[PDB]
Amino acid sequence: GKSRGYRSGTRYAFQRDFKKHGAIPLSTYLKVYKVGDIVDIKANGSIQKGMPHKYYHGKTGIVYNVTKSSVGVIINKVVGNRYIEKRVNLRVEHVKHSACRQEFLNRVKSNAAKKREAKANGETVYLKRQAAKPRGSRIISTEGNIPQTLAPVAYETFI
Amino acid sequence: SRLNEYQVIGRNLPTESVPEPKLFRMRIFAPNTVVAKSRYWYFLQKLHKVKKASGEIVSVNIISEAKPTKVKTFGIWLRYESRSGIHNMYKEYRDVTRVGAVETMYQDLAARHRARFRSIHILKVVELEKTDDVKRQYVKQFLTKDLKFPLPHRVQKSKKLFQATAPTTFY
Amino acid sequence: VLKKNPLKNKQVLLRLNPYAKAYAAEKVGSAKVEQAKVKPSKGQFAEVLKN
Amino acid sequence: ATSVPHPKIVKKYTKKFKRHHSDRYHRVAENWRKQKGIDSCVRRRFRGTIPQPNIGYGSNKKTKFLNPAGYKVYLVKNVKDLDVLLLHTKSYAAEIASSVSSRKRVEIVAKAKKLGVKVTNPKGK
Amino acid sequence: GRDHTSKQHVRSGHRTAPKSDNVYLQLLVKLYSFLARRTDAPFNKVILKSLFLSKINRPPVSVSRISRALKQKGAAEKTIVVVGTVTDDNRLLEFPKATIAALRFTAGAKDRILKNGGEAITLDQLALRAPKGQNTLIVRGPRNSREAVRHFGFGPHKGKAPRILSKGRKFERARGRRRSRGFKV
Amino acid sequence: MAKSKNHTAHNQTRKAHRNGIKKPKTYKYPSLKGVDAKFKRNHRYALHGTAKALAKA
Amino acid sequence: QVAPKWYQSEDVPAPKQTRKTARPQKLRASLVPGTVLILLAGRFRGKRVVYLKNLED
Amino acid sequence: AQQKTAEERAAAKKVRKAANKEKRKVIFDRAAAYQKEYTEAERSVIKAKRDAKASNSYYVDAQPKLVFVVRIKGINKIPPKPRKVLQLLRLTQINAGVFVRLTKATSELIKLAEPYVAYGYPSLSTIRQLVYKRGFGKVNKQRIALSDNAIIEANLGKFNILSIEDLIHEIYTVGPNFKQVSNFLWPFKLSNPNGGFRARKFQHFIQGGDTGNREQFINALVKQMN
RNA sequence: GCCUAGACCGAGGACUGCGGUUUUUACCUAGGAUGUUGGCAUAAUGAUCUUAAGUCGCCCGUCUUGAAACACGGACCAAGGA
RNA sequence: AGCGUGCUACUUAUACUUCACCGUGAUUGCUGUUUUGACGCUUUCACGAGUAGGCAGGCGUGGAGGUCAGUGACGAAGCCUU
Ligand SMILES: [Mg+2]
Ligand SMILES: [Mg+2]
Ligand SMILES: [Mg+2]
Ligand SMILES: [Mg+2]
Ligand SMILES: [Mg+2]
Ligand SMILES: [Mg+2]
Ligand SMILES: [Mg+2]
Ligand SMILES: [Mg+2]
Ligand SMILES: [Mg+2]
Ligand SMILES: [Mg+2]
Ligand SMILES: [Mg+2]
Ligand SMILES: [Mg+2]
Ligand SMILES: [Mg+2]
Ligand SMILES: [Mg+2]
Ligand SMILES: [Mg+2]
Ligand SMILES: [Mg+2]
Ligand SMILES: [Mg+2]
Ligand SMILES: [Mg+2]
Ligand SMILES: [Mg+2]
Ligand SMILES: [Mg+2]
Ligand SMILES: [Mg+2]
Ligand SMILES: [Mg+2]
Ligand SMILES: [Mg+2]
Ligand SMILES: [Mg+2]
Ligand SMILES: [Mg+2]
Ligand SMILES: [Mg+2]
Ligand SMILES: [Mg+2]
């Protein structure tokens, strides 16, 4: 007999972290979520109300609705050959702000500051990020660092 | 293969913690510098916590034979893998170049032990200065005084398919 | 209607690269280099021979 | 060539595309038919099987429809039919229909000779 | 061999000519093929494309749409261009004086336009008084108001019209349309 | 007698990638379906008053 | 049969301007007047003859 | 009428040639300057190596910034990710070559396609021979031979590329407009090597095959295939 | 940079372009073969048919994952036949 | 002419390169010279496997409206035929 219940296969996914069982620290209940916020979804096993389905465990989405104890999150799920918009109601214990926003918003602030200061100094600045480039030429000093010659070692048994 | 001896020098990439990492040199017998730098990283990752991604090649130089027209005897110390285990061995070769002795070694372990290039580590190639350093008789027999030998049964190669005279093998 | 190789056709070579004429006239392909007779490896770079 | 000058006429395939096993069976006529069978060696183009008609064998558009003498052949059934070839005597030749009587054919040959029109079948009856 | 990143030998998927064999529509396509090929006015390229369209892609334009387009700010004396039929609207209380160029006019539409002091001209008369489409305003009829579009994309919770021959209480109203009869979709 | 293949996902990603996998289109205004009724109710009055103020201005 | 049309002209276009300006023949270094030659073809094949002059043909 | 238009054409061509003389002087000067900087860079690197040798040091060369990638594998039986990678490198046939500017992103791209390509660091003469013999531009999604500097100017003149030597320089010294210049270049369609490959292509160059990075032997391979 | 041996091809069809040499509103090798000589037109040349030789070529149609199959229909031909 | 290994040359797929031709798709231009074909002419580039299946353009047959003032007992139709 096959079993395909709601929480099938969530034995380790919905477990609490080792030595992290019990009461929820209240910064979880003090965070503020607004419509449009990007939030990660991670089911907390100790709160069984408002719990996400196992598909959304590990997914990141957009807050679209704010209720008394919960947020509505928009997820895009692949169903066959396209994506379907899913609207999941989650209690805030299963939700955390996504850290990718604060990094991109910081690059936006930094670009605005650099551009305005470069305009003040009358020069130009290039704001596009660059991939790591091959390193340039260089001279390696050998004072105190004369090359040491290595050789492959013979075979030995150590048991 | 047809090989050259290379001096490959490399190091770990400098860090703010360690701005002058130690330089390591290896003598590599490779057909070209692409295999020379590959073999270098192959042995450094067997001997040090380093990778090609976290390291840097500093120098690749050909090491030419000092006396390419002086007949020498070389002792080569090897570490090769067989079908069953891993073995150390020492063998001797007569040649005028160190590279040509290593080339003979690779042919010889291919012929006598079915050991491919990938299964062989050259631990050491040493030119034996003293005649007493020669341990193996198959090369010790050419260090005798006033060595002479004929070449009986000479076979002459013909340009034509048919020959009008009886073959001979004098020489 | 017919592509002509500038590496074979001299007229196409001059049409594309007018500097090929100066390169040939000035012998840039066989230019001698004036320098001193030096050998900078006599010292520690003889670390190549042995180490 | 006595006609309007043309490039050398190339026929990519000069034989006849004969239907598979029109040599094996009398009931199978040589008229080309495409094999539709699931296992057919010809439909699957095994080495050694017959060539098959495809658009790659198409004739050069500049030499297409020209007989070896360089003319396009137009079928003529009466003397008034030669009137459409008056200004095309060096590119079009007239071919007299088989069902034209020996009398009307003599009249067509005489008028074609008068007009300078070439006749592809000038002898028959 | 080639590793094709797209499908080979694909037709554009757009009409390059009218499907119609009307010789006079072909003459209009001739005139605007020349204008689109030679005037640099985007109007002529739009008109040339619109002359290829099928009947459902050229919905009738009521004389009320024209009245509303002429009631745009600064558009009272523009030339209204309809590549299609202009129909009458007996719900208008009044119609202005306007110049309208169309493929066809109904008797009521043309009568009203001329009654109010306007002109009802063809697209060839348009090409002479406005060879670059100067001071024109293209008006298109509603495409999604067609009855066939009511049934497009029918499905559960889609709100479209079922394909049905009779209408009444006994025709597709019970189970699946009502919670008292099972479910509702 | 009638034992056949039970299940297979073979060829399913190929079929999904012939015409997919297409991301959904984004629009400036998402639908407010499923948004809290109390908020939606008040937001109606707020938009109506904003439109009146801009119209008068 | 397909009758000829009025637009099927019979006029022969002129050839384009050819850029094949001839340049003189370059003979082998061994062909010097007074050289004894061996004829390989023709009626006098196999005959040893004296070479005298290079004609403009 | 024909003779009248010939006189007008002759006058207009006189004026056009007079105007083009200045542009050709400009590109002549540019080509001479590029040659000078090539020679100076070569001598500078040689001098730096000699100086490091003299001063008990080791000059480490600058890592190559440019690579020429040749697809030496057919179009059958390719897994989806390297297949997509080869398509994004515009290597959609065997013996197709492209210039790639080395960064982390492009290096990680090439690593996925490594079992199907042979690539390396191209010399200036190799680049020049490729562009001269098999250089084509992408003009309105059509493959147009680079037979005249006007073709290059009309498509890359907004990027200060006015000549085939400007294009070659922009490729060789990986320039600020490398993206536009290399994408304007249609993928090079090379022949098979004159002399063949090694006995078995589809194994790394280090192991005696042909795929992967061969690093200066791409020039010998290109000499074979172009 | 220079010299040198051979093979395959000659699409296009007034001019127009880009260059080069300029002794020049001229010429060029520079937006695709011309010049010259011989032979032939009772024919050298081309096509097809028959046949030999070399090489390859299993019986079609069908159902099937898989048919030349030791799976099934088919002796032959005409007319009819979905 | 076996086994292990290295090297040089060489052989040849409907694959790759250059060129010719067919078709498909795209693309340049064409009305005071559009000029009795603009559903036409023309420039350029790329591409071509295919069962089930879809579509397009054509070949052929009996009969019908129109037209060729069409062929024909001075031989229609049919049939045989390197
Ligand atoms: Mg966990
Ligand atoms: Mg409960
Ligand atoms: Mg089959
Ligand atoms: Mg192909
Ligand atoms: Mg009923
Ligand atoms: Mg009930
Ligand atoms: Mg099944
Ligand atoms: Mg060869
Ligand atoms: Mg091989
Ligand atoms: Mg020709
Ligand atoms: Mg056989
Ligand atoms: Mg069956
Ligand atoms: Mg059955
Ligand atoms: Mg079975
Ligand atoms: Mg079968
Ligand atoms: Mg059997
Ligand atoms: Mg049976
Ligand atoms: Mg049965
Ligand atoms: Mg039977
Ligand atoms: Mg029948
Ligand atoms: Mg052997
Ligand atoms: Mg071949
Ligand atoms: Mg096909
Ligand atoms: Mg089929
Ligand atoms: Mg009937
Ligand atoms: Mg009669
Ligand atoms: Mg008869």
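Scroll up a little and you will see the structure.
### Digging into the overall build of chain A
Turning to step 1, where the next piece is worked out: Within chain A one finds two helices and seven strands.
Turning to step 2, where the next piece is worked out: Counting across all 159 residues of chain A, residues that qualify as buried make up 26%.
Turning to step 3, where the next piece is worked out: Long-range pairs, those at least 24 residues apart, make up 51% of the contacts in chain A between residues at least 6 apart in sequence.
Turning to step 4, where the next piece is worked out: Looking at chain A as shown, the accessible area adds up to about 11600 Å², and 53% of this sits on carbon and sulfur atoms.
Turning to step 5, where the next piece is worked out: Charge-centre separation for chain A: the mean point of 32 positive side chains lies 12 Å from the mean point of 10 negative side chains.

### Looking at the sheet that holds strand β4 (residues 72–81) of chain B
All names here are of chain B.
Turning to step 1, where the next piece is worked out: The strand order across the open sheet formed by three strands is β5-β4-β6, and the pairing between neighbours is antiparallel. Edge strands, defined here as strands with exactly one partner in the open sheet, are β5 (86–95) and β6 (120–127). Going across the sheet, the axis of each strand differs from the next one's by a mean of 20 degrees, ignoring polarity.
Turning to step 2, where the next piece is worked out: Here β4 pairs with β6 via seven bridges, running antiparallel. When the sheet's bridge partners are listed, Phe74 is paired in β6 with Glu127.

### Considerations on the protein's contact with RNA strand I
Turning to step 1, where the next piece is worked out: Inspection of the region around RNA strand I gives 49 residues, with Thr14 of chain D, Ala14 and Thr18 of chain G together with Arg9 and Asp148 of chain H positioned closest.
Turning to step 2, where the next piece is worked out: Sugar plus phosphate, as a fraction of atoms of RNA strand I within 4 Å of the protein: 70%.
Turning to step 3, where the next piece is worked out: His21 of chain D has a polar side-chain atom sitting 3.0 Å from a sugar or linking oxygen of RNA strand I.
Turning to step 4, where the next piece is worked out: Here a base nitrogen of RNA strand I sits 3.0 Å away from a polar atom, N or O, in the main chain of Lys16 of chain G.
Turning to step 5, where the next piece is worked out: Secondary structure elements with two or more residues in the surface near RNA strand I: α1 (10–16) and α2 (19–26) of chain C together with α1 (2–54) of chain H.
Turning to step 6, where the next piece is worked out: A per-class count over the surface near RNA strand I returns 13 nonpolar, 15 polar and 21 charged.

### Here we look at the layout of surface pockets
All names here are of chain H.
Turning to step 1, where the next piece is worked out: Here the second largest pocket defines a volume of roughly 1200 Å³.
Turning to step 2, where the next piece is worked out: Of all the secondary structure elements, the ones that give two or more residues to the lining of the second largest pocket are β3 (96–101), α3 (104–112) and α7 (178–184).
Turning to step 3, where the next piece is worked out: Counting residues per element, the lining of the second largest pocket draws most heavily on α7, at five residues.
Turning to step 4, where the next piece is worked out: Of the residues belonging to the lining of the second largest pocket, the class tally is 16 nonpolar, nine polar and eight charged.

### Digging into the packing of α1 of chain H against helix α6 (residues 164–172) of chain H
Residues and elements named next belong to chain H.
Turning to step 1, where the next piece is worked out: One can describe the packing of α1 onto α6 by two numbers: an axis separation of 10 Å at closest approach and a directional angle of 30 degrees. Accordingly, the angle class assigned to the pair α1 and α6 is roughly parallel. As for the relative orientation of α1 and α6, their crossing is left-handed in sense. For the pair formed by α1 and α6, the contact residues are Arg30, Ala31, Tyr34, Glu37 and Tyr38 on the first element and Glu165, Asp166, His169 and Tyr172 on the second.
Turning to step 2, where the next piece is worked out: Residues that form the contact of α1 with α6 fall into these classes: four nonpolar, one polar and four charged.

### Considering the packing of aromatic side chains
Turning to step 1, where the next piece is worked out: Scanning the model with the defined rule gives 17 aromatic pairs over all chains in all.
Turning to step 2, where the next piece is worked out: Centroid distance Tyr42 of chain B to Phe43 of chain B: 4.9 Å. Interplanar angle 75 degrees. Geometry classified as edge-to-face.
Turning to step 3, where the next piece is worked out: According to the relative accessible area criterion, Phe43 of chain B is buried, its value standing at 8%.
Turning to step 4, where the next piece is worked out: Here a set of aromatic residues connected by ring pairs shows up, and it is made of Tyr19 and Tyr23 of chain C together with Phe28 of chain H.
Turning to step 5, where the next piece is worked out: The positively charged end of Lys124 of chain B is found above the aromatic ring belonging to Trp77 of chain B, 3.9 Å away from the centroid.
Turning to step 6, where the next piece is worked out: The ring of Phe170 of chain B has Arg154 of chain B sitting right over it, with the charged end atom 4.8 Å from the ring centre.

### Remarks on the sheet that holds strand β3 (residues 118–119) of chain D
Residue and element names in this part refer to chain D.
Turning to step 1, where the next piece is worked out: Taken together, three strands build an open sheet; the order of strands is β1-β2-β3 and the sheet is parallel. The open sheet has two free edges, formed respectively by β1 (72–76) and β3, since each of these has just one partner strand.
Turning to step 2, where the next piece is worked out: Alignment of β1 against strand β2 (residues 92–96), held across five bridges, turns out to be parallel. The residue of β2 that forms the bridge with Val76 is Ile96.

### Points about the interface of chain C and chain H
Many descriptions give the size of an interface as the accessible area lost when the pieces come together.
Turning to step 1, where the next piece is worked out: The interface of chain C with chain H comprises 21 residues on the first partner and 25 residues on the second.
Turning to step 2, where the next piece is worked out: At the boundary of chain C with chain H, total buried surface from both sides reaches about 2100 Å², with 62% on carbon and sulfur atoms.
Turning to step 3, where the next piece is worked out: Among the residues chain C hides against chain H, the three largest losses belong to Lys3, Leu16 and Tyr19 of chain C. Together they make up 30% of the total.
Turning to step 4, where the next piece is worked out: Run the count over chain C and chain H and you get zero salt bridges.
Turning to step 5, where the next piece is worked out: Counting across the chain C and chain H interface gives nine residue pairs in polar contact.
Turning to step 6, where the next piece is worked out: At the level of elements, α1 and α2 of chain C are the ones that each hand at least two residues to the side of chain C that touches chain H.
Turning to step 7, where the next piece is worked out: The element that contributes the greatest number of residues to the side of chain C that touches chain H is α1 of chain C, accounting for four residues.

### Focus: the protein's contact with RNA strand J
Turning to step 1, where the next piece is worked out: Taken together, the neighbourhood of RNA strand J is formed by 51 residues, with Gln107 of chain B, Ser101 and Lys104 of chain D together with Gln26 and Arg38 of chain E sitting nearest.
Turning to step 2, where the next piece is worked out: A share of 72% is what sugar and phosphate atoms reach among the atoms of RNA strand J within 4 Å of the protein.
Turning to step 3, where the next piece is worked out: In this structure, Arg103 of chain D approaches RNA strand J through a side-chain N or O atom, which is 3.5 Å from a base nitrogen.
Turning to step 4, where the next piece is worked out: Sorting the residues of the surface near RNA strand J by element identifies α2 (98–112) of chain B, α1 (102–115) of chain D, α1 (23–38) of chain E together with β6 (142–145) of chain H as the ones contributing at least two each.
Turning to step 5, where the next piece is worked out: At four residues, the largest contribution of residues to the surface near RNA strand J is made by α1 of chain E.

### A closer look at the pairing of strand β5 (residues 136–139) of chain H
Residue and element names in this part refer to chain H.
Turning to step 1, where the next piece is worked out: Where β5 meets β6, four bridges bridge the pair, whose relative direction is antiparallel. Within β6, the residue paired with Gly137 across the bridge is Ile144.
Turning to step 2, where the next piece is worked out: What sits between the antiparallel neighbours β5 and β6 is a turn of two residues, in which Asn140 has the positive phi angle 55 degrees.

### Considerations on the environment of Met26 of chain B
Turning to step 1, where the next piece is worked out: Structurally, the position occupied by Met26 of chain B is in strand β2 (residues 24–30).
Turning to step 2, where the next piece is worked out: Taking the C-alpha atoms as reference, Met26 of chain B lies 59 Å from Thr165 of chain B; in sequence the two are 139 residues apart.
Turning to step 3, where the next piece is worked out: Discounting chain neighbours no more than four positions away, the residues touching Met26 of chain B are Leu150 and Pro152 of chain A together with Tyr6, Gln7, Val8, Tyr40, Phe43 and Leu44 of chain B.

### As for the interface of chain B and chain A
Turning to step 1, where the next piece is worked out: Between chain B and chain A, the residue contacts involve 24 residues of the former and 16 residues of the latter.
Turning to step 2, where the next piece is worked out: In total, about 1800 Å² of surface goes out of reach between chain B and chain A, with carbon and sulfur atoms giving 59% of it.
Turning to step 3, where the next piece is worked out: When the buried surface of chain B facing chain A is broken down by residue, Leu23, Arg25 and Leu123 of chain B rank first, second and third, together holding 30% of it.
Turning to step 4, where the next piece is worked out: Inspection of the chain B/chain A interface yields one salt bridge.
Turning to step 5, where the next piece is worked out: Residue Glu56 of chain B is joined to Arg138 of chain A by a salt bridge in which the shortest nitrogen-to-oxygen separation is 3.7 Å.
Turning to step 6, where the next piece is worked out: Counting across the interface, chain B meets chain A through eight residue pairs in polar contact.
Turning to step 7, where the next piece is worked out: Within the residue set of the side of chain B that touches chain A, elements represented by two or more residues are β1 (4–12), β2, α1 (33–47), β3 (55–62), β5 and β6 of chain B.
Turning to step 8, where the next piece is worked out: Of the strand pairs in this sheet, strand β7 (residues 148–149) of chain A and β2 of chain B are connected by two bridges, and their pairing is parallel. Looking at the pairing, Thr149 of chain A lines up with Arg25 of chain B of β2 of chain B.

What counts, and where the lines are drawn
Residues numbered from 1 in each chain as written, not as in the entry; some residues may be left out. Chains lettered and ligands numbered in written order. Part of a larger assembly, values for the part shown. Heavy atoms only, no water. Helix = DSSP H or I, 4+ residues; strand = E, 2+ residues; numbered from the N terminus. Buried < 20%, exposed > 50% of the residue type's maximum accessible area, 1.4 Å probe, protein only. Contact = heavy atoms within 4.5 Å. Areas by Shrake-Rupley, 256 points an atom, 1.4 Å probe, with all protein chains shown as cover. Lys, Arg positive; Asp, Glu negative; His and termini not counted. Charge placed at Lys NZ, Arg CZ, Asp CG, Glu CD. Pairing = 2+ DSSP bridges. Axes fitted to C-alpha atoms, helices over the stretch in contact; angles between N-to-C directions. Near = heavy atom within 4 Å. Polar contact = N/O pair within 3.5 Å; in protein donor to acceptor, adjacent residues only side chain to side chain. Nonpolar A, V, L, I, M, F, W, Y, C, P; charged D, E, K, R; others polar. 1 Å grid on protein atoms, 1.4 Å probe; cavity = no way out; pocket = protein on both sides within 12 Å on 5 of 7 lines; lining within 4 Å. Points joined across faces, edges and corners; volume = space filled by probe spheres on them. Parallel < 35°, antiparallel > 145°, perpendicular 65-115°, else oblique. Left-handed = near helix turned anticlockwise from the far one by under 90°. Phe/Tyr/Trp six-rings, centres within 6.5 Å; stacked < 30°, edge-to-face > 60°. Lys NZ or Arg CZ within 6 Å of the ring centre and 35° of its normal. Buried area = accessible area lost by both parts, 1.4 Å probe. Salt bridge = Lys/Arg side-chain N within 4 Å of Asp/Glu carboxyl O.

Shape is all these values report; function is a separate question.
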